[PDB]
Amino acid sequence: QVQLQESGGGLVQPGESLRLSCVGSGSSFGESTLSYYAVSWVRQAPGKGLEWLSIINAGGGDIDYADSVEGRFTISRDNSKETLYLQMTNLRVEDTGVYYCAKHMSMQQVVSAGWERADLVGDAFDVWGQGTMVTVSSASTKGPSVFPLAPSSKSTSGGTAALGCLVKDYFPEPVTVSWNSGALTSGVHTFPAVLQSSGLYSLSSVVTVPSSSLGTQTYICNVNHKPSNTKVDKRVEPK
Amino acid sequence: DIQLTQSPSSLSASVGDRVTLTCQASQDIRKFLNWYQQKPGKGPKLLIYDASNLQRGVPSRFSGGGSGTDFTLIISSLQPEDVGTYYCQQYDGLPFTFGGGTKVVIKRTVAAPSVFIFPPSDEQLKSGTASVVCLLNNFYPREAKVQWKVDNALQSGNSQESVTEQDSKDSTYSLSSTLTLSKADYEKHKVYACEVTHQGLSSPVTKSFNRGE
Amino acid sequence: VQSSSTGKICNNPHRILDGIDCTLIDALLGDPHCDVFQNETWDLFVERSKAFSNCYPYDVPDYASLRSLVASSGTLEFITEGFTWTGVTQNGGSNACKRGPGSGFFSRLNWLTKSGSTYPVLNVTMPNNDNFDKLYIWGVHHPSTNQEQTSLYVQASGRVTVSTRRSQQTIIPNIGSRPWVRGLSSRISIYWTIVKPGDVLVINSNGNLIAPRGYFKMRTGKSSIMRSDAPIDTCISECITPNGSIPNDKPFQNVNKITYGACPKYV
Ligand SMILES: *[C@@H]1O[C@H](CO)[C@@H](O)[C@H](O)[C@H]1NC(C)=O
Ligand SMILES: [Zn+2]
Ligand SMILES: [Zn+2]
Ligand SMILES: [Zn+2]
């Protein structure tokens with residue numbers, strides 16, 4: 001099946017511009033690739049639903065826009081690279097959200113045969129990308145401080161001990177957290193970030209580990225905050 | 001613009017229940033209607049296309065019906081992995097539009113949270129701020145009360161909670177409460193306490209520590 | 001012996017239709033730059049050497065016969081019929097054949113492809129309940145690759161069978177490259193079928209069919225076709241050669257063995 005992957009997202013000031021890209025790989029029936037299909041951009045503001053933005057046919061024509069971005073956004077594609085683009089200009093605060101590129105299922109053109117469907121079907125989105133985060137804010141990027149949340153004697157509840165990492169004061173979203181390089185996943189909870197009054201985000205990751213483990217094993221949390229090129233590995237130990 | 005209205009906005013149900021989601025269009029859209037599922041932090045996935053067609057690979061407990069203005073997505077036997085949000089979507093005419101989404105939530109047996117408290121680390125105080133964290137692990141239902149006490153004085157306005165999405169495997173939640181105060185204030189007081197109230201607990205549970213112990 | 005010509009074809013008394021950039025066959029199928037010729041009639045159709053095709057690349061097995069019988073018929077009158085093509089997508093088009101700004105196709109033909117993930121066995125009939133012969137023009141797509149074949153038609157090998165009560169033609173498409181023409185290594189082959197009164201057309205295909213949209217009304221009469229580069233003037237002459245009109249007062253002529261109308265005999 002064709003697969004999609006968006007990129008190009010980031011933090012930008014209101015009024016500025018930004019170009020998102022989306023690369024197709026794999027293939028569907030008849031070894032068709034993304035350039036056989038119509039594609040749309042769809043976005044999702046934080047905590048909200050889905051909003052269709054724009055559609056473009058396999059061959060680059062039959063373009064349309066939602067009124068909310070018409071005259072500001074321009075959709076295009078380069079089929080030689082199996083890549084779609086969304087050029088955003090005059091961005092505003094409410095354009096903030098996750099942007100997905102999404103393939104419509106009906107075959108629209110077969111170039112090797114000089115064939116093109118008479119009509120743009122625009123039927124169901126059978127493949128979506130993972131999305132790319134766009135933040136429109138006056139605020140500047142800031143990387144996180146990472147502090148250990150240390151297990152202590154008498155902290156046992158159930159038959160387990162708990163420890164974690166507090167990732168504090170960063171902007172914009174998002175940060176990723178893993179434990180022991182992804183080797184430890186059972187009993188891991190990474191909480192949603194909360195916006196603080198300062199306008200910066202804060203987040204915690206915790207894990208519950210048998211009490212016997214404490215002194216004996218090693219527990220390390222690996223934090224990534226790409227927006228500031230931050231990569232921290234902090235060791236969590238008993239106080 | 002064609003408007004799609006989904007009901008209910010939110011639904012709680014037990015494993016095994018037959019669940020019905022509805023989508024109403026403001027005008028006749030024939031059968032040009034699709035249903036998607038989106039799990040937290042993930043992209044949508046097609047379940048049903050053109051009102052009633054089950055997408056390849058989607059479990060058979062999902063089915064679709066309706067036409068014109070009235071459509072339904074039915075889950076014949078709800079599974080814990082079904083938690084998430086379901087959207088309908090219309091392509092009779094541009095602009096394409098989505099319903100506002102319906103969130104599905106699993107009901108399970110009560111499970112009391114296990115509670116832990118963490119003092120601020122030394123590195124953080126070194127930098128003028130003190131964060132005290134309280135963790136409630138693996139509980140149900142989601143409703144819980146977490147109260148901070150400083151030197152036994154009931155705190156307010158200076159803490160924030162965050163809650164995980166319902167777990168896809170055991171349908172429980174976890175929660176964190178963070179009490180934030182300046183290093184000055186933190187050094188003022190001695191006893192820091194997190195008191196938790198929850199339906200699975202016969203009486204409030206308190207976890208605490210004494211500063212510098 | 002008439003041995004000279006003015007060098008011009010006289011436009012009376014015979015009805016001359018100057019093809020300009022179009023051959024008669026391109027006019028028949030409905031090549032876009034030729035749609036001006038839709039439903040036209042002639043006593044003599046004049047084909048120019050500068051004519052060119054500008055649509056999907058095609059060939060016609062027994063080209064000479066189709067061209068001859070249409071030329072003799074003397075009309076392109078076309079009557080759309082309501083074929084029903086269940087379970088396929090219609091009106092396929094191509095950028096090799098733009099009609100105005102968008103992709104298009106021959107006006108008289110209907111390029112059918114899969115709908116969803118299937119192309120069913122088409123099986124349609126059209127009775128002739130009139131008292132004249134109907135000429136149906138239809139076609140077969142030959143893809144250049146297997147990938148192309150399945151993308152368009154699903155079946156790994158297609159087939160087109162068109163029949164009447166006493167004739168039948170079955171064509172199997174042939175996958176492979178031909179020389180690149182206007183960007184394309186694929187082809188359409190054109191075939192035709194005559195259906196007499198009281199007879200019936202049956203079309204049965206599981207892929208690669210380029211369907212008819214209706215029929216050309218057949219006539220009999222004095223119409224013909226000629227290749228010539230002579231200009232067409234306003235004047236009167238019964239005898240026309242590719243070299244120009246000639247007087248027919250003399251019993252013999254030495255201008256050209258190709259002639260039309262009341263003409264001296266070539267010697
Ligand atoms: C094709 O249609 C004709 C006319 O209805 C019918 O006699 C014949 O059985 C059909 N053939 C198939 C393959 O169904
Ligand atoms: Zn846990
Ligand atoms: Zn509008
Ligand atoms: Zn105090």
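As recorded in the PDB header, X-ray crystallography is the method behind this entry, and the stated resolution is 2.947 Å.

Asks: Please explain the overall build of chain C as it appears in this structure.
Replies: The number of helices and strands found in chain C is 3 helices and 24 strands. Considering only C-alpha atoms, chain C reaches an extent of 70 × 45 × 30 Å along its principal axes. Contacts in chain C between residues far apart in sequence, at least 24 positions, make up 76% of those at least 6 positions apart. Looking at chain C as shown, the accessible area adds up to about 11800 Å², and 49% of this sits on carbon and sulfur atoms.

Asks: Is there a simple way to think about the arrangement of the chains in this case?
Replies: Among the 2 pairs of chains that make contact, the interface with the largest number of contacts is formed by chains A and B. For chain B and chain C, which are not in contact, the least C-alpha distance works out to 12 Å.

Asks: I tried to follow the pattern of salt bridges on my own but got confused; where do I start?
Replies: Pairing between side chains of opposite charge can happen when their charged atoms approach one another. Residue and element names in this part refer to chain A. What the rule picks out here adds up to 23 salt bridges over all chains. Notably, a salt bridge pairs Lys 103 with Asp 126, separated by 3.1 Å at the nearest N-O pair. Of the two residues, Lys 103 is situated in strand β9 (residues 97-107) and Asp 126 in strand β12 (residues 125-128); the sequence distance between them amounts to 23 residues. The buried category is assigned to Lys 103, whose relative accessible area is 2%. The class for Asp 126 is partly exposed, based on a relative accessible area of 23%. Bridged by salt links that share partners, the residues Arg 43, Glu 51, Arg 72 and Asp 95 form one connected network.

Asks: Would you take a moment to explain the interface of chain A and chain B for this structure?
Replies: How big an interface is tends to be reported as the loss of accessible area on association of its parts. Counting residues at the interface gives 44 residues for chain A, matched by 42 residues for chain B. A combined buried area of about 3500 Å² lies between chain A and chain B, and 65% of that area is made up of carbon and sulfur atoms. It is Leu 50, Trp 52 and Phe 191 of chain A in chain A that bury the most area against chain B; as a group they hold 16% of the surface buried on that side. The interface formed by chain A and chain B contains 1 salt bridge. The salt bridge involving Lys 234 of chain A is made with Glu 123 of chain B; its shortest N-O contact spans 3.7 Å. At the level of secondary structure, the elements contributing two or more residues to the side of chain A that touches chain B comprise β4 (37-44), β5 (51-56), β9, β12, β14 (145-149), β15 (160-170), β18 (194-195) and β19 (201-210) of chain A. Considering each element in turn, the side of chain A that touches chain B owes the most residues, 6 residues, to β15 of chain A.

Asks: Even after reading the chapter, I still don't get the nonpolar core, so can you show me in this structure?
Replies: Taken as a class, soluble globular proteins show a tendency for nonpolar side chains to be buried jointly. In terms of nonpolar packing, the biggest core is built from 66 residues, with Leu 66, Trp 85 and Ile 137 of chain C touching the most fellow members. With sequence-adjacent residues up to four places away left out, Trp 85 of chain C is seen in contact with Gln 90, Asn 110, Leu 112, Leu 122, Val 124, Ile 203, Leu 209, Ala 211 and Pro 212 of chain C. One finds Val 19, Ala 51, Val 58 and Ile 106 of chain B within the second-largest nonpolar core, a separate group that totals 25 residues.

Asks: Would you explain the coordination of the zinc ion (ligand 4) in this entry?
Replies: When four donors bind a metal tetrahedrally, each ideal donor-metal-donor angle is 109.5 degrees, and when six bind octahedrally, the ideal angles are 90 or 180 degrees. All names here are of chain B. Within the protein, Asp 151 (OD) and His 189 (ND1) serve as the donor atoms for the zinc ion (ligand 4), at 2.2 to 2.5 Å. Residue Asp 151 is found in the loop between β14 (145-150) and β15 (153-154), and its partner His 189 is found in the loop between α2 (183-188) and β18 (191-197); the two are separated by 38 residues along the sequence. Its relative accessible area of 37% is what places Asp 151 among the partly exposed residues. The exposure class assigned to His 189 is partly exposed, which follows from its relative accessible area of 26%.

Asks: Whenever I open this one, the state of the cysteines confuses me. Can you help?
Replies: Covalent bonding between the sulfur atoms of two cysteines defines a disulfide. Throughout the structure, instances matching the rule amount to 8 disulfides over all chains. Across the disulfide from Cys 22 of chain A sits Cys 101 of chain A; the S-S distance is 2.0 Å. Highlighted residues: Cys 22 of chain A in strand β3 (residues 18-25) and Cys 101 of chain A in strand β9, separated in sequence by 79 residues. Summarising the burial analysis for this pair, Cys 22 of chain A and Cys 101 of chain A share the class buried. Covalently, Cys 22 of chain C is tied to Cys 34 of chain C through a disulfide, its sulfur atoms 2.1 Å apart. Here the S-S torsion is close to -105 degrees, and the disulfide linking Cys 22 of chain C with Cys 34 of chain C is therefore left-handed. Of this pair, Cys 22 of chain C sits in the loop between β2 (16-18) and α1 (24-29) while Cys 34 of chain C is found in the loop between α1 and β3 (44-47), placing the two residues 12 residues apart along the sequence. Taken individually, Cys 22 of chain C and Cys 34 of chain C each receive the classification buried, so the pair is uniform in this respect. Along chain C, the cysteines that take part in disulfide bonds pair up as 1-6, 2-3, 4-5, 7-8, counted in sequence order.

Asks: Got a minute to help me understand the interface of chain A and chain C in this structure?
Replies: On the chain C side, the residues contacting the 15 residues of chain A number 21 residues. Both sides together, the interface formed by chain A and chain C hides about 1300 Å², and carbon and sulfur atoms give 49% of it. Of all residues in chain A, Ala 113, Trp 115 and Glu 116 of chain A give up the largest surface area on contact with chain C, accounting jointly for 37% of the area buried on that side. Joining chain A to chain C, the criterion identifies 0 salt bridges.

Asks: Looking at this structure, how should I read the coordination of the zinc ion (ligand 2)?
Replies: Each protein donor to the zinc ion (ligand 2) is listed here as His 189 of chain A (NE2), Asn 137 of chain B (OD1) and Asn 138 of chain B (OD1); together their distances run 2.6 to 2.8 Å. Note that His 189 of chain A is positioned in strand β17 (residues 188-190) and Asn 138 of chain B in strand β13 (residues 129-139), a pairing that runs across two chains. We classify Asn 138 of chain B as partly exposed; its relative accessible area is 30%.

Asks: Would you take a moment to explain helix α3 (residues 146-153) of chain C for this structure?
Replies: Spacing of three or four residues puts side chains on the same side of an α-helix, whose turn is 3.6 residues. Taken together, the buried positions of α3 of chain C are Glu 148, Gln 149, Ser 151, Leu 152 and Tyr 153 of chain C. The elements touched by buried residues of α3 of chain C are β9, β10 (109-110) and β11 (115-116) of chain A together with β9 (109-114) and β11 (134-142) of chain C. Where α3 of chain C begins, the capping side chain belongs to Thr 145 of chain C, and its oxygen is found 3.3 Å from the backbone nitrogen of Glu 148 of chain C. Positive phi appears at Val 154 of chain C, one or two residues downstream of α3 of chain C, with a value of about 70 degrees.

Asks: Explain the domain arrangement of chain B to me, please; I cannot follow it from the model alone.
Replies: Residues and elements named next belong to chain B. Taken domain by domain, chain B holds domain 1 (1-107) and domain 2 (108-211). Between domain 1 and domain 2, the C-alpha centre-to-centre distance is 37 Å. Listed per partner, the contact involves 9 residues of domain 1 and 9 residues of domain 2. Across the contact surface, domain 1 and domain 2 share 1 salt bridge. With its nearest N and O atoms 3.9 Å apart, the salt bridge here joins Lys 103 to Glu 165. The interface formed by domain 1 and domain 2 holds 1 residue pair in polar contact in total. By residue class, the composition of the side of domain 1 that touches domain 2 is 5 nonpolar, no polar and 4 charged.

Asks: I'm lost on the UniProt feature "disulfide bond" in chain C in this one. Help?
Replies: Residues and elements named next belong to chain C. The sulfur-sulfur separation between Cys 55 and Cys 97, a disulfide according to UniProt, is 2.0 Å, below the 2.5 Å limit, so the bridge is formed here. Here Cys 55, found in the loop between β3 and β4 (58-59), pairs with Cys 97, found in strand β7 (residues 94-99); they are 42 residues apart in sequence, far enough to count as distant. Judged by its relative accessible area of 1%, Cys 55 is buried. Sulfur atoms bridged by a disulfide sit less than 2.5 Å apart; for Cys 239 and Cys 263, annotated as such a bridge in UniProt, the distance of 2.0 Å is consistent with the bond.

Asks: What is the right way to look at the sheet that holds strand β7 (residues 62-67) of chain B in this model?
Replies: In a beta sheet, neighbouring strands pair by backbone hydrogen bonds and run either parallel or antiparallel. Residue and element names in this part refer to chain B. On the basis of which strands lie adjacent, the open sheet formed by 4 strands has the order β1-β3-β8-β7 and antiparallel pairing. Either end of the sheet is taken by a strand with one partner, and the two such strands are β1 (4-7) and β7. Here the strands of the sheet are splayed against their neighbours by 15 degrees on average, with no regard to which way each runs. Alignment of strand β3 (residues 19-25) against strand β8 (residues 70-75), held across 6 bridges, turns out to be antiparallel. Among the inter-strand pairings, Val 19 is bridged to a residue of β8, identified as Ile 75.

Parameters and conventions
- Residues numbered from 1 in each chain as written, not as in the entry; some residues may be left out.
- Chains lettered and ligands numbered in written order.
- Heavy atoms only, no water.
- Residues with missing side-chain atoms left out of burial classes, pairs and counts.
- Helix = DSSP H or I, 4+ residues; strand = E, 2+ residues; numbered from the N terminus.
- Contact = heavy atoms within 4.5 Å.
- Areas by Shrake-Rupley, 256 points an atom, 1.4 Å probe, with all protein chains shown as cover.
- Salt bridge = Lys/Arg side-chain N within 4 Å of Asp/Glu carboxyl O.
- Buried < 20%, exposed > 50% of the residue type's maximum accessible area, 1.4 Å probe, protein only.
- Buried area = accessible area lost by both parts, 1.4 Å probe.
- Core = buried A, V, L, I, M, F, W, Y, C linked by side-chain atoms within 4.5 Å.
- Donors = N, O, S within 2.8 Å, 3.2 Å for Na, K, Ca; no water.
- Disulfide = S-S within 2.5 Å.
- Polar contact = N/O pair within 3.5 Å; in protein donor to acceptor, adjacent residues only side chain to side chain.
- Domains from an automatic or database assignment.
- Nonpolar A, V, L, I, M, F, W, Y, C, P; charged D, E, K, R; others polar.
- UniProt positions renumbered as here; feature names shortened; annotations may be inferred.
- Pairing = 2+ DSSP bridges.
- Axes fitted to C-alpha atoms, helices over the stretch in contact; angles between N-to-C directions.

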